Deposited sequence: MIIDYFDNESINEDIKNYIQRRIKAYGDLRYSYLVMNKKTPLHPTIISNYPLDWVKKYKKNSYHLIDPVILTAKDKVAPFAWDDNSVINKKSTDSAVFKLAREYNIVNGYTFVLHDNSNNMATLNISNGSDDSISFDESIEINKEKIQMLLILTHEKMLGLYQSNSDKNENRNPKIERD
């Protein structure tokens, strides 16, 4: 579905140019078809090794953040009560190993059965100023998710039309 490497590199540059307005953010943009969810598209500036282990073990299938996002429309912090209940592990060990612990998820569902998430966490920043920046810019970051997804859908429609 979303397997085109050159489009995905354009989307990555699009996200990365705009996400830095909010600080030094680590992010992943994960797009999952909810009827065939085994192979999601992952565009991210997390460490390459994290991404490889996450894909190889299909960790999104047991990731409490992803499992919570599938039932939501509004953004949530990773300590919100819905995330903590599915926590009752392996995905969170991998995350802690790569200093990915404090974070937020913005979610979008579209009319093609896709779920798109923008998951963001602090990298070079203290967690307090990171959290305040996300709390203040929540509406703008959600719009970034919406315009990224819209952009990606248009590029794939355009690429299929050319072929």
Going from the first residue of the deposited sequence to the last, where are the unmodelled runs? 1 to 4, 93 to 94, 170 to 179
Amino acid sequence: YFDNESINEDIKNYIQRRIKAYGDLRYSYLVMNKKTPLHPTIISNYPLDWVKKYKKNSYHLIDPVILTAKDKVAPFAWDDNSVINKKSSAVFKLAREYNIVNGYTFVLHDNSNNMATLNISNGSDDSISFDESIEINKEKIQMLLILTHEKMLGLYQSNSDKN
From here on, numbers count along this sequence of modelled residues.
Can you tell me which stretch has the higher mean Cα B-factor, 154 to 162 or 3 to 11? 154 to 162
Read off the CA B-factors in the entry, average them over 59 to 67 and over 120 to 128, and name the higher stretch. 120 to 128
Highest Cα B-factor in the PDB entry belongs to which of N99, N113, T105, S133? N99
State the tercile, meaning the lowest, middle or highest third, of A95 with respect to the CA B-factors recorded for its chain. highest
By the entry's values, the third containing the CA B factor of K52 is the highest
